[PDB]
Amino acid sequence: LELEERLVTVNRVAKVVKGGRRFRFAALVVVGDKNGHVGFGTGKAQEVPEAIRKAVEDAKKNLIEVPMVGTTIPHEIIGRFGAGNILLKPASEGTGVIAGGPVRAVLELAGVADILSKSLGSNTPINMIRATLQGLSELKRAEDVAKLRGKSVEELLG
RNA sequence: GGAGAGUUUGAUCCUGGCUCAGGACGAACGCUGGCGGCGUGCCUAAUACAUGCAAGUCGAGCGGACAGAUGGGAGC
């Protein structure tokens with residue numbers, strides 16, 4: 001796959017020793033196809049390349065795919081991780097990616113172009129948005145649900 | 001049809017307030033100021049008010065004064 005990477009944040013963190021404060025940088029990087037695949041990234045409290053390496057692993061480990069009915073997700077979903085709570089709500093065409101900051105990064109590199117998204121708790125909350133995008137894959141498009149249920153696609157939808 | 005951000009720590013996650021970006025107005029005050037077109041202009045003391053003006057009309061209801069003079073009269 002052909003990944004694009006986006007830098008969410010770089011916070012200087014610190015450990016204290018007898019000498020004083022010893023500083024490292026923890027980078028957080030989203031990576032994705034712009035076509036259904038996107039990765040978390042951690043940054044190993046050191047640099048951005050370290051973040052990219054872990055991001056590109058997490059794209060294929062965690063979000064095996066981001067389900068996409070057209071230019072939007074199949075259904076409305078609430079992604080929760082810890083005190084992360086994202087509402088991801090499917091939009092009409094030409095709506096845009098209406099989302100805040102770290103959430104936008106995920107949904108842009110996932111290739112989602114039309115979505116409404118409210119954050120209900122905030123602090124690099126990509127894990128929560130990741131859990132929802134996986135929760136869509138629990139009931140992606142309609143092929144699985146119909147196959148899971150024992151139905152047709154047009155039977156299920158209408 | 002729904003975007004967030006800053007700020008508690010040496011650093012952290014959370015809880016939690018605070019602050020900011022938006023829009024609105026019968027606005028006021030600064031400083032500054034060219035014109036035009038629509039709109040708006042006592043929110044305070046239902047306080048007190050100088051002055052003027054804001055409901056008068058019908059003579060085809062009306063007797064009546066006060067006029068009118070078409071003409072005769074009219075001293076000259």
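All chains are named by letter (A, B, ...) in the order of the sequence lines, taking the proteins before the strands, and each is independently numbered beginning at 1.
Nucleotide B:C42 carries a south-puckered sugar, as indicated by a negative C1'-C2'-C3'-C4' torsion. At B:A67 the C1'-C2'-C3'-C4' dihedral is positive, so the sugar adopts a north, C3'-endo-type conformation. Sugar pucker of B:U7 is north, as judged by a positive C1'-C2'-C3'-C4' dihedral. The furanose ring of B:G59 falls on the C2'-endo (south) side of the pseudorotation cycle, as its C1'-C2'-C3'-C4' torsion is below zero. Pucker check on B:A48: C1'-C2'-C3'-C4' positive, sugar north.
Looking only at side-chain heavy atoms (C-beta outward), A:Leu139 and A:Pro74 stay at 4.5 Å or farther from each other. Two residues are said to be in side-chain contact when any heavy atoms from C-beta on lie closer than 4.5 Å; A:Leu156 and A:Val153 fail this criterion. Side-chain contact between A:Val16 and A:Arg22 is absent, with no heavy atoms from C-beta onward closer than 4.5 Å. Between A:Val66 and A:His37 the shortest side-chain heavy-atom distance does not fall below 4.5 Å. Taking the side chain as every heavy atom from C-beta outward, A:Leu63 and A:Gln134 approach each other to under 4.5 Å. Proximity of A:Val8 to A:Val29: side-chain heavy atoms (C-beta onward) are nowhere separated by under 4.5 Å.
Using a 4.0 Å cutoff on non-hydrogen atoms, the parts of residues 110-119 of chain A near RNA chain B are A:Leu116, A:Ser117, A:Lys118, A:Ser119, ordered by number.
Nucleotide B:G2 holds its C1' atom 14 Å from the CG atom of A:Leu107, rounded to whole Å. Residue A:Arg24 contributes atom CZ, which lies 12 Å from atom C1' of B:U12 at whole-angstrom precision. Across the protein-nucleic acid pair, A:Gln46 atom CD and B:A11 atom P stand 18 Å apart, rounded to whole Å. Note: CG (A:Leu88) to P (B:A3) measures 13 Å, nearest angstrom. If you take CZ of A:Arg12 and P of B:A11, they are 8 Å apart, rounded to a whole angstrom. The nearest whole Å value for the distance from the CD1 atom in A:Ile129 to the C1' atom in B:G2 is 15 Å. The distance between atom CD1 of A:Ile86 and atom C1' of B:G4, rounded to the nearest whole Å, is 11 Å. Whole-Å rounding puts the A:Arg22 CZ to B:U12 P distance at 17 Å.
Looking at the side chain of A:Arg21, the nearest of the listed nucleotides B:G1, B:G2, B:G10 is B:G10. When distances are taken from the side chain of A:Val13 to each of B:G1, B:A11, B:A5, the shortest belongs to B:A11. In the set B:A3, B:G1, B:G2, B:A3 carries the atom at the smallest distance from any side-chain atom of A:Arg104.
Between A:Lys140 and A:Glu143, at least one side-chain nitrogen of the basic residue sits less than 4.0 Å from a carboxylate oxygen of the acidic one, meeting the salt-bridge criterion. Between A:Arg24 and A:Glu47 there is no salt bridge, since no side-chain nitrogen of the basic residue lies less than 4.0 Å from a carboxylate oxygen of the acidic one.
Both A:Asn11 and A:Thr95 sit near RNA chain B, but only A:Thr95 has its closest nucleotide nearer the 5' end. Residue A:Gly100 is the one, among A:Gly100 and A:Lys15, whose nearest nucleotide of RNA chain B lies closer to the 5' end (criterion: closest heavy atom).
In this strand, B:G23 stacks onto B:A24; the six-membered rings sit under 5.5 Å apart at an angle under 30°. Classification of the B:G16/B:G17 step: stacked, the six-membered rings being closer than 5.5 Å at their centres and less than 30° apart in plane orientation. Both conditions hold for B:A28 and B:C29, whose six-membered rings have centres under 5.5 angstrom apart and planes under 30 degrees, so their bases stack. For the adjacent pair B:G73 and B:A74, the base rings count as stacked: centre distance under 5.5 Å, plane angle under 30°. A stacking contact links strand neighbours B:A67 and B:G68, their base ring centres being under 5.5 angstrom apart and the planes under 30 degrees.
Rounded to the nearest Å, the gap between the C1' atom of B:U12 and that of B:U8 is 13 Å. When the P atom is compared between B:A11 and B:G26, the two are found 48 Å apart, to the nearest whole Å. The separation of B:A24 from B:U15, taken at their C1' atoms, amounts to 34 Å, rounded to a whole angstrom. To the nearest whole angstrom, the two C1' atoms, one in B:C42 and one in B:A46, are 13 Å apart. Here, B:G56 and B:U44 have their P atoms 33 Å apart, quoted to the whole Å. Rounded to whole Å, the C1' atom of B:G16 lies 15 Å from the corresponding atom of B:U9. Taking atom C1' in both B:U7 and B:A21, one finds a spacing of 16 Å when rounded to whole Å. Distance noted for atom P between B:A50 and B:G34: 42 Å (whole Å).
When heavy atoms are screened at a 4.0 angstrom cut-off, A:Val16 is found touching base atoms of the nucleic acid.
Syn is the glycosidic conformation of B:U9, whose angle stays within 90° of 0.
Checked by atom type and distance alone, the side chain of A:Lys151 never pairs as donor or acceptor with a backbone atom of A:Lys147 at under 3.5 Å.
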### Query
Going through the checks in order, is the side chain to side chain donor-acceptor pair (under 3.5 Å) test met by A:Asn62 and A:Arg130?
CA-CA 8 Å; A:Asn62 293 7; A:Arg130 206 135 305 266; over 6 Å; no

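For the atom pair A:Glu65 CD and A:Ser137 OG, the distance stands at 6.0 Å (nearest 0.5 Å).
Judged by the 6.0 Å distance and 45° axis criteria, A:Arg12 is positioned over the aromatic ring of A:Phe23.
Closest approach of A:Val112 and A:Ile73 over heavy atoms only: CG2-CG2, 4.4 Å.
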### Message
Reading 5' to 3' and counting Watson-Crick or G-U wobble pairs with both distances under 3.5 Å, write the dot-bracket notation for RNA chain B, | for bases paired outside the strand.
### Response
...((((.........))))........................................................

Using a cut-off of under 3.5 Å, enumerate the N/O to N/O pairs linking the protein to nucleotides 14-20 of chain B.
{"unit_1": "B:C14", "atom_1": "OP2", "unit_2": "A:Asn123", "atom_2": "ND2", "d": "3.1"}

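Under a cut-off of 6.0 angstrom, the local environment of NZ in A:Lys44 is sparse, with at most 12 non-hydrogen atoms contributed by other residues, nucleotides or ligands.
Side-chain N/O atoms of A:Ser122 and A:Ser119 include no donor and acceptor closer than 3.5 Å.
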